[PDB]
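Student: I need the structure of the sequence given here:
(8 chains, ligands or ions: 11)
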Amino acid sequence: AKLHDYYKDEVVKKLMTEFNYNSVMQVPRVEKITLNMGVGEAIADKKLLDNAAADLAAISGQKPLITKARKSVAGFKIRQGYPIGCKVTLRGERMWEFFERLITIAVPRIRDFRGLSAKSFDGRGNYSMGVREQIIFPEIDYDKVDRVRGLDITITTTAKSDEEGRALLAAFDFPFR
Amino acid sequence: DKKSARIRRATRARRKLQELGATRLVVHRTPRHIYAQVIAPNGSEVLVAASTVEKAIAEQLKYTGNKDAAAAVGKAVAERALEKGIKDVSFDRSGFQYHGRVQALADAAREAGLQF
Amino acid sequence: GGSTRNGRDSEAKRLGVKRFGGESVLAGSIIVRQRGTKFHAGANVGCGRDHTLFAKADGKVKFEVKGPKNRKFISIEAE
Amino acid sequence: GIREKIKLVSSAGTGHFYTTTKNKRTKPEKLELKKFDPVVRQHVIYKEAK
Amino acid sequence: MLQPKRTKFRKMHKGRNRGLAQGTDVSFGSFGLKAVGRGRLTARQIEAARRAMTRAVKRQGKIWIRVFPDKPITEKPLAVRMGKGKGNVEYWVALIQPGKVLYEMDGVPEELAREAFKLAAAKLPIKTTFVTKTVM
RNA sequence: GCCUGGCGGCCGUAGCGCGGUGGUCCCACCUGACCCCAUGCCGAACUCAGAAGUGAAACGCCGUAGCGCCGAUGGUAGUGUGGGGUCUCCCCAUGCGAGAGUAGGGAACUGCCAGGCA
RNA sequence: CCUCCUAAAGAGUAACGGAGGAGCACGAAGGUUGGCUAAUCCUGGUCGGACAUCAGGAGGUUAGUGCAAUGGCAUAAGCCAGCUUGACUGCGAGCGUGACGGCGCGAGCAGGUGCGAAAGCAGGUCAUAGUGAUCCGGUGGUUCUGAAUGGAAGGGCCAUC
RNA sequence: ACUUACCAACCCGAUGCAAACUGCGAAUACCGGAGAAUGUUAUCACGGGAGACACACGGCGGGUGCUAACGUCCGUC
Ligand SMILES: [Mg+2]
Ligand SMILES: [Mg+2]
Ligand SMILES: [Mg+2]
Ligand SMILES: [Mg+2]
Ligand SMILES: [Mg+2]
Ligand SMILES: [Mg+2]
Ligand SMILES: [Mg+2]
Ligand SMILES: [Mg+2]
Ligand SMILES: [Mg+2]
Ligand SMILES: [Mg+2]
Ligand SMILES: [Mg+2]
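Tutor: Residues are numbered from 1 along each chain as shown, chains lettered A, B, ... in the order given. Ligands and ions are numbered 1, 2, ... in the order given. The structure is reproduced below:
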């Protein structure tokens, strides 16, 4: 909870007045957070995948679902139906908890850090950023690591426009430029 | 779509029940309400019905549309149908899984005297 | 580059038709490769493993056309 | 075509058996599974399959 | 010169060339050179004509070729026999029926246009005739 | 009578799009989730227990011809029979007669049961 | 042997006509119950690019179907999971298609079985290729026969090689 | 990163082509039902006896060939 709460008391408040929506329902809301690994190299390190996966597991509440290769193509050396990545969809409590440990204590550990980008918007109020080396997540035991890996989270919201989407995360501390 | 989904879920059975020509007991559910209809095989005329949306079946239920409520409607259409001598029918979940409040109402139907 | 060769016969196509004293259970229409060209309808169906439409009970052959956008359908009315 | 003719045999007395085939390689384990035995008019475990 | 860059099949049947033409009136340029006969212009023909046409107006004008081959036409070699497999695509033809508008031309005085068309005509195997734009 | 929901008929003159509009009730989103039951991860979906909020979304209704769709008349194409030619193609007599396009139609019609307000 | 055209809108239709496939696969790639729904393009996103996985939006079956072609498939016939062995034995009104040998489709009845709350579905696989008559001989079962009699050998019958 | 009298798919509008294209679609042919006239039953079955399985030209629709052949292969008269 917590951040969820912060959303209703303050935030919807914020966004209603920013855009004076008729209905509260009309106010953007973070729908889900879907963080994915994408091993690419399990095609040789079948074991690398399991690592990554257990990584996403650590970082995120629970069990990573591993994704096969939607279709085989020769470019990258991949047969169709080949375990070549793992992902995790976040909702309710676990989505918020991670939305927080994300901006609260992990986005900070990023390199030098100088802010996330606010142009990383798909055109319909949905985020997407990379992390290039997890570790920034305490849940990972540095002394037990095996590679830098890095994952990529993207935030899907009910916003209709980047204009709005931005404003939304804008209203959680959420870094940015 | 959700309601879209339910229908194609619902479509095969329906059709096989029409193929077989059989007065069917048709259930339909909603967050707040549960309805039941016994519908002649021509597909276009209902013989019997009952649902939590009727003053009576309701004027004595904690909440409409919940396991308990369902039950009432089951035993309802059950008797009502038995009233008109409509015995023997085929249950039609209409996309909803056979399990929920749907199973009651269904079960209640039997325990009332309905054949299926 | 070495052309030639061909399957053979197969017959196939409608065999009963229109009103017609389709007997107890005749193979009326045998355009297999279909279960589609024509669709199992009224008191005739089965539609056998090779999509063959046959009389499920004797009567007159029908042929109609329903509402999943056209869609053929052959059936058997009582005579 | 490489794939062999197996022979499933009635667990009951009966000299009865069904007749099929398995890919002996990919499926080395003697194939078991129930089928109808007409001399005993019952469903009995049939075994035997390479 | 001119022909399908690719073809679902290598060889066509032969069929027949009945009926009136379908692309029938000037709809790109201000003037046309219409068929008026039945038969088949071949590639080297549509070209020979095109050329003549062009070198004539010189620089100016625009040109449109409405017909285009796409028909295989084979030929059993010489002292080979009858039958043993169908022959080899040797050249391409476009079937053309009376009414077919063959060329259109654009940025040029009526006169010259006709002149040019008269010259391209003399390279064609079918009788032809000069058409103007028409309002409807 | 207006409104809504459910089960069908007909299966685009029934759709899509734009605009507008409705929430007492029905619908919907919605709230909660140990649990029934569920997530090849996720209460998204399935589901249970509810009802603080909203009709934003979706849904229904009203408008609207941008598109879709329907669509004459007249002519053209082809074609059975019988004749004929300048027989790779064509014409005449007679019967059948498209496709495309044109004018124009069109913002469905309809039955059973229930529920709400008049 | 199979699919398409040639084939003249029922079937059939030739050529040393035009084009391609088969001589297998699968105990799940069969059954059923429950569930789900591609391709392609635009946009955003660590390593990751034109193209591997994540998000959204258009799209709406151009995807998919073990395999050629065609015809089908959203109620899916495509995709997944649980439980399974109906890839059952005996039969079969009544059709197709063959000169014939034969091949093919089939509801329904009997016994017995799986899935499903039930209605119900299942006698393999979206369908149509994936094959070899007769003889002779082998293997199992079966007193049907068995050259004076009882047996046996051999013969028959059912399965199968 | 810009650019270039380079080529440029897709998309949009305009114009054609198809045996193995089809969101259309005939004429005829073929199947079924009734009916009347008319036909030395022309129909079907069973049985006795055959011959025949080298065809040709012509019309129409086609394949092959050169819309060559008193060519060649099918359909139909
Ligand atoms: Mg609207
Ligand atoms: Mg609204
Ligand atoms: Mg018309
Ligand atoms: Mg035919
Ligand atoms: Mg014909
Ligand atoms: Mg991209
Ligand atoms: Mg006689
Ligand atoms: Mg001979
Ligand atoms: Mg001969
Ligand atoms: Mg002959
Ligand atoms: Mg001759």
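Student: can you tell me the distance between the two ends of stretch A:30-47?
Tutor: Distance between the boundary residues of stretch A:30-47 (CA to CA, to the nearest Å) amounts to 34 Å.
Student: now do the buried residues in it.
Tutor: Residues of stretch A:30-47 classed as buried by neighbour count (16 or more other CB atoms under 10 Å in any protein chain shown): A:30, A:33, A:34, A:35, A:36, A:37, A:38, A:39, A:40, A:42, A:43. From N, CA and C alone the C-beta is placed, and that goes for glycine too.
Student: can you redo the residues you listed as JSON lines with secondary structure?
Tutor: Below are the buried residues of stretch A:30-47 laid out as JSON lines (DSSP: H, G, I helix; E, B strand; the rest coil):
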{"residue": "A:30", "secondary structure": "strand"}
{"residue": "A:33", "secondary structure": "strand"}
{"residue": "A:34", "secondary structure": "strand"}
{"residue": "A:35", "secondary structure": "strand"}
{"residue": "A:36", "secondary structure": "strand"}
{"residue": "A:37", "secondary structure": "coil"}
{"residue": "A:38", "secondary structure": "coil"}
{"residue": "A:39", "secondary structure": "coil"}
{"residue": "A:40", "secondary structure": "coil"}
{"residue": "A:42", "secondary structure": "coil"}
{"residue": "A:43", "secondary structure": "coil"}
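Student: and RNA strand G, which of those residues reach it?
Tutor: Subset of the buried residues of stretch A:30-47 in contact with RNA strand G: A:34, A:35, A:36, A:37, A:38, A:39, A:40, A:43, counting by CB under 7 Å from any atom of the strand.
Student: want to throw the buried residues of stretch A:30-47 into CSV with distance to residue B:59?
Tutor: Conversion of the buried residues of stretch A:30-47 to CSV gives the following (distance: CB to CB, whole Å):
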residue, distance to residue B:59
A:30, 42
A:33, 46
A:34, 47
A:35, 51
A:36, 53
A:37, 57
A:38, 58
A:39, 61
A:40, 64
A:42, 62
A:43, 66
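Student: ok, those residues vs RNA strand F, which is closest?
Tutor: Nearest to RNA strand F among these is residue A:34, at 7.4 Å by CB to the nearest atom of the strand.
Student: got a list of what the closest one touches?
Tutor: Contacts for residue A:34 (CB atoms under 8 Å, 6 or more residues apart in numbering or on different chains) come out as A:87, A:88, A:89, A:90, A:153, A:154, A:156.
Student: against RNA strand H, how distant is the first one?
Tutor: In this structure, residue A:87 lies at 30 Å from RNA strand H, with CB to the nearest atom of the strand, to the nearest Å as the measure.
Student: now the fifth one
Tutor: Computed with CB to the nearest atom of the strand, the distance linking residue A:153 and RNA strand H is 26 Å.
Student: and for that residue, nearest residue in space, chain neighbours not counted?
Tutor: Among residues not flanking residue A:153 along the chain, residue A:35 sits closest, at 4.0 Å (CB to CB, 6 or more residues apart in numbering or on different chains).
Student: cool, and the third one?
Tutor: Taking CB to CB, 6+ apart, and ignoring the residues beside it in sequence, residue A:89 has residue A:34 as its nearest neighbour in space, at 4.8 Å.
Student: for the buried residues of stretch A:30-47, which one is nearest residue B:44?
Tutor: Of all these, the one with the least separation from residue B:44 (CB to CB) is residue A:34, at 46.3 Å.
Student: strands of chain A, residue ranges please.
Tutor: Listed from the start of the chain, chain A has strands (DSSP state E) covering A:30-36, A:65-66, A:86-90, A:155-157.
Student: swap that for chain B, sorry
Tutor: For chain B, the strands identified by DSSP E occupy B:24-29, B:34-39, B:46-51, B:90-92, in order along the chain.
Student: what are the ranges of the helices in chain B?
Tutor: In chain order, chain B shows helices spanning B:3-19, B:67-83, B:103-110, with DSSP state H as the criterion.
Student: returning to what we had before: among the buried residues of stretch A:30-47, which two are most distant?
Tutor: Pairwise over the buried residues of stretch A:30-47, using CB to CB, the maximum falls at A:30 and A:43, 34.2 Å.
Student: before we move on, back to that, pretty sure the residue nearest to residue A:153 is touching residue A:58, no?
Tutor: No: the pair formed by residue A:35 and residue A:58 falls short of the contact definition of CB atoms under 8 Å, at 11.8 Å.
Student: whether the helix or strand hosting residue E:56 contacts RNA strand H - can you check?
Tutor: Residue E:56 belongs to helix E:43-57 when elements are defined using DSSP states H and E. No: for helix E:43-57 and RNA strand H, the contact criterion (CB under 7 Å from any atom of the strand) is not met; the two come no nearer than 12.5 Å.
Student: now do the SS call for the residue in chain C positioned nearest to RNA strand F.
Tutor: Using CB to the nearest atom of the strand, the single residue of chain C nearest to RNA strand F is residue C:67, 2.4 Å away. For residue C:67, the secondary-structure state derived from three-state DSSP is coil.
Student: off-centre distance for stretch B:32-48?
Tutor: The chain centre lies 7 Å from the centre of stretch B:32-48; the measure is CA atoms, centre = their mean, to the nearest Å.
Student: ok, stretch A:46-54 next?
Tutor: Averaging C-alpha positions (CA atoms, centre = their mean) puts stretch A:46-54 19 Å from its chain's average.
Student: for it, buried residues please.
Tutor: Along stretch A:46-54, the positions that meet the burial threshold by neighbour count (16+ other CB under 10 Å) are A:48, A:49, A:50, A:51, A:52, A:53.
Student: same deal with stretch E:3-11?
Tutor: Burial within stretch E:3-11, assessed by neighbour count using 16+ other CB under 10 Å, is assigned to residue E:3.
Student: hmm, it in reach of RNA strand G?
Tutor: Yes: Stretch E:3-11 reaches RNA strand G (CB under 7 Å from any atom of the strand) through E:9, E:10, E:11.
Student: sorry, back to before: got the contacts of residue A:34 as JSON lines, with neighbour count and distance to RNA strand G columns?
Tutor: As requested, the contacts of residue A:34 are arranged in JSON lines below (neighbours: other CB atoms under 10 Å in any protein chain shown; distance: CB to the nearest atom of the strand, whole Å):
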{"residue": "A:87", "neighbour count": "18", "distance to RNA strand G": "4"}
{"residue": "A:88", "neighbour count": "23", "distance to RNA strand G": "9"}
{"residue": "A:89", "neighbour count": "14", "distance to RNA strand G": "6"}
{"residue": "A:90", "neighbour count": "21", "distance to RNA strand G": "10"}
{"residue": "A:153", "neighbour count": "20", "distance to RNA strand G": "7"}
{"residue": "A:154", "neighbour count": "16", "distance to RNA strand G": "4"}
{"residue": "A:156", "neighbour count": "18", "distance to RNA strand G": "4"}
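Student: all good on my end, thank you.
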